Colleague: 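Here it is, the structure in full.
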Amino acid sequence: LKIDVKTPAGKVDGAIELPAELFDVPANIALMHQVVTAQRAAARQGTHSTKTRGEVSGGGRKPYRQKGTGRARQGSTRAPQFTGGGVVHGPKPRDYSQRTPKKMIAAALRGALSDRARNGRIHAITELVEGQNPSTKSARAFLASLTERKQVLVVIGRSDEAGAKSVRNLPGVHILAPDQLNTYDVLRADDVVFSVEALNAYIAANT
Amino acid sequence: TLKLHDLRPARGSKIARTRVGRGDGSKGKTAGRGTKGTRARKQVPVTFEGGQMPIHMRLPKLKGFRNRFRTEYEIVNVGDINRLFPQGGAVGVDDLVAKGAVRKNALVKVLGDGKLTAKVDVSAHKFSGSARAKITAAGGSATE
Amino acid sequence: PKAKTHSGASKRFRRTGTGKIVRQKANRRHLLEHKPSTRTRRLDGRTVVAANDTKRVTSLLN
Amino acid sequence: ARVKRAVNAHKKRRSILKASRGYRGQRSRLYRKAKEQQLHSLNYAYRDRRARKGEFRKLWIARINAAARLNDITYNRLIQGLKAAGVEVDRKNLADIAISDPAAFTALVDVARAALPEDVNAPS
RNA sequence: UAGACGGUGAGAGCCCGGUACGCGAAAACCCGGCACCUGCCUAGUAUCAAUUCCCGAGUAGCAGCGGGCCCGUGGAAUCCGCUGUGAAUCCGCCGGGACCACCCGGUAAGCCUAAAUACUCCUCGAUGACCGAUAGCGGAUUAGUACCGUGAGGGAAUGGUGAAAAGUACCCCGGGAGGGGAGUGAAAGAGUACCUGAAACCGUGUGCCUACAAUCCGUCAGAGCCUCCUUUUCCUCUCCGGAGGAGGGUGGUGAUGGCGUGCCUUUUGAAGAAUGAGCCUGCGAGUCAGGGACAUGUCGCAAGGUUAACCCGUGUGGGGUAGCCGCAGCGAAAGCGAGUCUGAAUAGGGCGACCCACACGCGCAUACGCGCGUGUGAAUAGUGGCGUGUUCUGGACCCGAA
RNA sequence: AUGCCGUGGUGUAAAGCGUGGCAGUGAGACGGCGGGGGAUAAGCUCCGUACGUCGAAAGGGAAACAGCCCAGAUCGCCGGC
RNA sequence: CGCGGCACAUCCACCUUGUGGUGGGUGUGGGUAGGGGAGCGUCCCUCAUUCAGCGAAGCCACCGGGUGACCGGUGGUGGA
Ligand SMILES: [Mg+2]
Ligand SMILES: [Mg+2]
Ligand SMILES: [Mg+2]
Ligand SMILES: [Mg+2]
Ligand SMILES: [Mg+2]
Ligand SMILES: [Mg+2]
Ligand SMILES: [Mg+2]
Ligand SMILES: [Mg+2]
Ligand SMILES: [Mg+2]
Ligand SMILES: [Mg+2]
Ligand SMILES: [Mg+2]
Ligand SMILES: [Mg+2]
Ligand SMILES: [Mg+2]
Ligand SMILES: [Mg+2]
Ligand SMILES: [Mg+2]
Ligand SMILES: [Mg+2]
Ligand SMILES: [Mg+2]
Ligand SMILES: [Mg+2]
Ligand SMILES: [Mg+2]
Ligand SMILES: [Mg+2]
Ligand SMILES: [Mg+2]
Ligand SMILES: [Mg+2]
Ligand SMILES: [Mg+2]
Ligand SMILES: [Mg+2]
Ligand SMILES: [Mg+2]
Ligand SMILES: [Mg+2]
Ligand SMILES: [Mg+2]
Ligand SMILES: [Mg+2]
Ligand SMILES: [Mg+2]
Ligand SMILES: [Mg+2]
Ligand SMILES: [Mg+2]
Ligand SMILES: [Mg+2]
Ligand SMILES: [Mg+2]
Ligand SMILES: [Mg+2]
Ligand SMILES: [Mg+2]
Ligand SMILES: [Mg+2]
Ligand SMILES: [Mg+2]
Ligand SMILES: [Mg+2]
Ligand SMILES: [Mg+2]
Ligand SMILES: [Mg+2]
Ligand SMILES: [Mg+2]
Ligand SMILES: [Mg+2]
Ligand SMILES: [Mg+2]
Ligand SMILES: [Mg+2]
Ligand SMILES: [Mg+2]
Ligand SMILES: [Mg+2]
Ligand SMILES: [Mg+2]
Ligand SMILES: [Mg+2]
Ligand SMILES: [Mg+2]
Ligand SMILES: [Mg+2]
Ligand SMILES: [Mg+2]
Ligand SMILES: [Mg+2]
Ligand SMILES: [Mg+2]
Ligand SMILES: [Mg+2]
Ligand SMILES: [Mg+2]
Ligand SMILES: [Mg+2]
Ligand SMILES: [Mg+2]
Ligand SMILES: [Mg+2]
Ligand SMILES: [Mg+2]
Ligand SMILES: [Mg+2]
Ligand SMILES: [Mg+2]
Ligand SMILES: [Mg+2]
Ligand SMILES: [Mg+2]
């Protein structure tokens, strides 16, 4: 309900009040399983392909006369029972995106962020590096003062570039913009670390 | 905390697909067809009744014509006015769209089903004959 | 694609307010001199499509 | 995902061929012919587990009948005599006493012969 | 600011090529600026007049025959061709679905025109709940090659030693091939016939059975023999050893007795002398698209539900009300509307709405419940996702003609 | 005589009915009893039968033997009727 | 019929008194076309976790387990 804001190399300056209609929502698991499935279904590429019997090279003529040879009648050399023939019902390029409604997408995101806020997993900071040039060493030590856990979602504003560069190649740290929060990256994370500008922009976009 | 390995669908939502033609312990060789005739390799069209004159040619056509220039109204009942506006006042076409009684961009028409007990003052198109009665008998007016 | 409805069946069947499917009745267009008025009044109007035809007629209308 | 078939398909092939060890010809060597014979072998086995309950009874009755005729009675009136005397020993053990202890089988005939009615041909 | 990816003697951010990030161009090409240079313009304007002239010609229109429009010649407009006939310059002409009148709209028979859209032989940079050598391109290999055909054409098969070639010096048998010993290597249980090395199939050795018996070749009953472990005194060398026998137990085999008509397909009925199958290994058949259709499971919102193209973002995120479905029906329709069509009907019938399970009460009815308020607070509803079944249109489960 | 329709009792779980989803089948065979065609022949052919079995039914009997007689196999037992 | 195991329907009891579970009766459980229900094995991806040059896969053999598809252990071979 109330998150104290900490500073890089320092102490608590202020606090943010999380609104209860956005961070204290009861979590629907059947709803979150549908949204997380639909995002990984949209994440696919679907570039898998085979050839049918009409698309394998050659195979136009009838290879011998139908009656009088003592062989089974065949009709084409690229039938699917042959070696080198076309695939029957094989893969073709598909798109797997789904049509999950807007209210179901927004409710799963609130239900995942409510579960982190209910467990003390939301952290508010002012910035990652306290200067203007990036430094992974100083930014790693500051996240270790917050967390001891392997998966960390850092939500910082897109204009802030020195903070984003400072936590890029840290393993187990995912960066995204405040208007790109979704259910998969929040349920993968153990600790969601907002910036003070990033958390105020998420609340103001949802009142 | 809920993690990605704690999510599972609602019971009964995801059911298994029937894979047909995969041995004798399931739907076996013929995959539910059984026959040796048309239904064993092809579909039969719905319009075909074996050769006699079908139901969509035995019967006569429905009589009449469609009016090309037919105007259509979106309908609101005066009993719905009593529930939507329990204080009375002016009721326009824009006031009925926001209250969900009627669709956008269409001519409205008040009908007289229900009990109007409030003092409303409603502007619309084409009042019903029993709707002009109940509006004035409740204390209001109805103009075009 | 998109399912095309059946043109000849939509000229012969329609739906009521509750969802019944109604039709008109045959033996009425011509040869009407030897038919008494007890018969043309029986063949007048509309009746509901019988239960043994309602599955195939509903799929022609859809 | 293209799936090769062999890791799954060889599972039932190895087990059919182990159940057919000791068959002669193609019936221990080839999977298609070992499997036709396992269909008959497990029907024959089912058929014979229910048949040997009658086969052993057919063996026991033959030995009770042989031992009773040594003690000048038939199998026929011996079974009437033991039902009349209330001796509920079954034919499995009555053909086992007849071999290992012939004196006790003579003591059972005298119980069966005494309980038998005076004229067996007279009506009940 | 680098934990991309690959290499390196086995899972490397710190060993190598790189990566993040930055730096770089003689000349040619491309793009742009500024100059040269090249063109264009500097006399019209305004008011009034209706007197005249002009406003795209073998054209429009008309007719015959055709083509195409939702429109298959129809009452057939608008648009195009061929044949005949053939105007008018604004009071003109053409269109507004035969046609006429009024009215509205526009000025055919001259020309040019960017962007929004389509495509990828090819270049560069990436990517995959794509393939991994019968797959994936026909082509990882002489590949459109070898080969087949007079020709147009058709059209294959063929990858892997090891980290390193250190690819076995030397000796022996042999004409060689091949081997044996040595030696190399972590391993030749990796030796250019080379990673792993399955089955069919082919030998050699060994245990049991079999040369007087009629066998869908198995199954149940069952003796003996062979093998390897164990219970009771004995060889008690006794910790030994199990040394031999007796009992039990595995594993192999099966003298002998009974029972016993292959599998598939297709049929009234097949062991059938009906069909298919020599054998093994590998491959070979209900799939996919779509805000489709009907029905259901399930989730979200709910008298509402939901967006499409599109827009913005590193993405699966946020916008986007056009639309669709629900919201009142009845009627050929005009129409009227909890009703409405038919009808002369205040007749009946069709279709459609319509609660008594109930407190008080109102003229009340044996107590019953007809009508209406406050509910006693009656019992319902749609729509968008995702499963699944059927289905429509597509090759539509797969193979097969003449 | 049976059969058929109605009704009142009594009995009887897996009867009946309405409306949806998905079917398959629409070549039958012999046996009993009644009839047609045929020569009152056919392992003939065509109908009737709250008749039966096979089809799709293993087990026991009929020497063998889909359709006849007995009996309907959840599995195990070296029990009994 | 007897004794023992399993399954399904129904009834009777209860434990959040059907989303179900446990217990006790009675009944039922041949089956082609076909309908409904519930599962085994192969492969790929995601999250979590755990093995592996002190030997992964694959293969071979022996010993065992399950109501079925099938599984597990141990050893030999082998090299990720
Ligand atoms: Mg072709
Ligand atoms: Mg062909
Ligand atoms: Mg291919
Ligand atoms: Mg969206
Ligand atoms: Mg699917
Ligand atoms: Mg088959
Ligand atoms: Mg078939
Ligand atoms: Mg059929
Ligand atoms: Mg005809
Ligand atoms: Mg008429
Ligand atoms: Mg008349
Ligand atoms: Mg043998
Ligand atoms: Mg018996
Ligand atoms: Mg790497
Ligand atoms: Mg480097
Ligand atoms: Mg002009
Ligand atoms: Mg013309
Ligand atoms: Mg035309
Ligand atoms: Mg001309
Ligand atoms: Mg007009
Ligand atoms: Mg012009
Ligand atoms: Mg042009
Ligand atoms: Mg253009
Ligand atoms: Mg391009
Ligand atoms: Mg490329
Ligand atoms: Mg190839
Ligand atoms: Mg040549
Ligand atoms: Mg040598
Ligand atoms: Mg050597
Ligand atoms: Mg060495
Ligand atoms: Mg090795
Ligand atoms: Mg070799
Ligand atoms: Mg090898
Ligand atoms: Mg002999
Ligand atoms: Mg004989
Ligand atoms: Mg025949
Ligand atoms: Mg049949
Ligand atoms: Mg044959
Ligand atoms: Mg034969
Ligand atoms: Mg043959
Ligand atoms: Mg209507
Ligand atoms: Mg009426
Ligand atoms: Mg719903
Ligand atoms: Mg039904
Ligand atoms: Mg017939
Ligand atoms: Mg047939
Ligand atoms: Mg018949
Ligand atoms: Mg007869
Ligand atoms: Mg006959
Ligand atoms: Mg008969
Ligand atoms: Mg039988
Ligand atoms: Mg039966
Ligand atoms: Mg029999
Ligand atoms: Mg017999
Ligand atoms: Mg008896
Ligand atoms: Mg039974
Ligand atoms: Mg059954
Ligand atoms: Mg079946
Ligand atoms: Mg080893
Ligand atoms: Mg694998
Ligand atoms: Mg195994
Ligand atoms: Mg192992
Ligand atoms: Mg192994």
Side-chain angles (χ1 to χ4, degrees), chain A residues 30-31 34 38-49 52 54 57-58 61 66 73-75 79-81 83-84 88-89 91-92 94 97-101 103-105 107 133-134 136 165-166 168-171 177 179-182 184 188, chain B residues 3-5 9-10 12-15 17-18 20-21 25 31-32 34-35 63-65 67 75 77 100-104 111-113 128-130, chain C residues 1-4 16-18 22 45-46 58-59 62, chain D residues 1-8 10-11 23-25 27 29-30 36-37 39-41 44-45 47-49 51-53 55-56 90 92:
Chain A
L31 177 62
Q34 183 176 0
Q39 295 181 3
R40 288 189 63 245
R44 296 178 75 112
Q45 182 168 346
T47 49
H48 47 81
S49 180
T52 65
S57 177
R61 72 176 69 186
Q66 189 180 4
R73 67 265 182 104
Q74 294 304 327
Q81 67 268 13
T83 297
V88 166
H89 306 312
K92 295 297 182 181
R94 284 194 282 167
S97 69
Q98 298 179 1
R99 288 177 58 85
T100 309
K103 289 177 182 175
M104 297 175 74
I105 296 172
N133 52 359
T136 304
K165 288 178 183 291
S166 297
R168 278 193 291 173
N169 67 346
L170 290 173
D179 55 351
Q180 295 289 320
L181 286 166
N182 57 358
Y184 185 79
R188 194 180 68 246
Chain B
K3 303 294 288 185
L4 289 172
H5 60 274
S13 63
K14 183 73 175 70
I15 63 173
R17 185 177 185 174
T18 299
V20 84
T35 325
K63 65 187 179 68
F65 71 103
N67 195 4
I75 292 304
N77 279 316
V102 84
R103 283 183 181 177
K104 297 186 291 182
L111 298 187
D113 189 74
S128 177
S130 178
Chain C
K2 185 188 286 183
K4 284 176 178 282
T16 61
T18 61
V22 296
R46 287 180 295 275
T58 308
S59 67
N62 288 317
Chain D
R2 185 172 181 263
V3 181
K4 301 300 289 180
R5 278 193 270 158
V7 178
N8 194 6
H10 285 162
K11 288 184 177 182
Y23 296 176
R24 59 182 293 165
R27 303 192 190 199
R29 292 173 174 89
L30 304 178
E36 296 172 358
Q37 189 59 43
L39 288 173
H40 298 297
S41 296
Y44 285 157
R47 195 268 314 275
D48 288 328
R49 285 193 298 270
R52 73 184 176 187
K53 296 170 177 62
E55 290 290 326
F56 278 107
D90 61 350
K92 180 178 78 173

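Sequence lines set the chain letters: A, B, ... in the order given, protein chains first and strands last, and positions in each chain run from 1.
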Colleague: For D/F56 and F/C78, are the ring centres under 5.5 Å apart with planes inclined under 30°?
Modeller: yes
Colleague: OP1 or OP2 of E/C217 less than 4.0 angstrom from a side-chain nitrogen or oxygen of D/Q37, does that happen here?
Modeller: yes
Colleague: So, is D/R2 close to the G/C44 phosphate, meaning a side-chain N or O under 4.0 Å from OP1 or OP2?
Modeller: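 The answer is no; no side-chain N or O of D/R2 sits under 4.0 Å from OP1 or OP2.
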Colleague: Given F/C75, is OP1 or OP2 found less than 4.0 Å from the side-chain N or O atoms of D/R49?
Modeller: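 So the side chain of D/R49 is outside the cut-off, no N or O lying under 4.0 Å from OP1 or OP2 of F/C75.
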Colleague: Can you tell me if the side-chain N/O atoms of D/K11 get under 4.0 Å from OP1 or OP2 in G/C71?
Modeller: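 Answer yes for this pair, as a side-chain N or O of D/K11 is under 4.0 Å from OP1 or OP2.
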Colleague: Is E/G286 syn or anti, taking syn as a glycosidic angle within 90° of 0?
Modeller: syn
Colleague: Could you check E/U231 for me: syn (within 90° of 0) or anti?
Modeller: anti
Colleague: Is any side-chain N or O of A/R99 closer than 4.0 Å to OP1 or OP2 of E/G385?
Modeller: yes
Colleague: Within the structure, does a side-chain N or O atom of D/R52 lie under 4.0 Å from either OP1 or OP2 of F/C78?
Modeller: yes
Colleague: When you compare the protein's N or O atoms with those of nucleotides 25-27 of chain F, which come within less than 3.5 Å of each other, and at what distance?
Modeller:
from	atom 1	to	atom 2	distance (Å)
F/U25	OP2	B/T35	OG1	2.6

Colleague: Please tabulate, one pair per line, each protein N/O and nucleotide N/O from nucleotides 320-326 of chain E that are separated by under 3.5 Å, including the distance.
Modeller:
from	atom 1	to	atom 2	distance (Å)
E/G320	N7	A/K102	NZ	3.0
E/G320	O6	A/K102	NZ	3.3
E/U321	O2'	B/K104	NZ	2.9
E/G326	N7	B/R103	NH2	3.0
E/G326	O6	B/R103	NE	3.1

Colleague: Report the residue (B/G25 or D/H10) whose heavy-atom-nearest nucleotide on RNA chain G is the more 5′ of the two.
Modeller: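 Its nearest nucleotide being more 5', the pick is B/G25.
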